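Form deposited in one PDB entry, single chain, as structure tokens, below.
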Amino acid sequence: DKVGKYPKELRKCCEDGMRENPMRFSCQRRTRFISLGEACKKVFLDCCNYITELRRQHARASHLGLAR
């Protein structure tokens, strides 16, 4: 389609996966603070993994002056 139109609940789980992480807790850890639904958790992990690796790549790039 793709009208993923993930339900609004799961959009929020993804969004929370994408918050800044100054305490440097792992995606998996943040999932243990509160007991989430299976669907929310999956979505939280996928988003959190995505942004974690995206910021690492961005930080690699900046250090090499290939960006920032």
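One rule holds for the numbers: they count along the sequence shown, beginning at 1. We call the rigid core whatever largest set of C-alpha positions still superposes within 1.5 Å between the two forms.
K.L.:
Can you tell me which stretch has the higher mean Cα B-factor, 5-13 or 53-61?
P.N.:
If you average the C-alpha B-factors of 53-61 and of 5-13, the larger mean comes out for 5-13.
K.L.:
Please place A39 in the lowest, middle or highest third of its chain according to the CA B-factor in the PDB entry.
P.N.:
Highest third.
The discussion below concerns the form deposited in another entry, not included here.
K.L.:
Superpose on the core and compare between this form and the one not shown; which one of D46, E15, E9, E53 crosses the 2 Å Cα shift mark?
P.N.:
Of all the options, the C-alpha that shifts by at least 2 Å belongs to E9.
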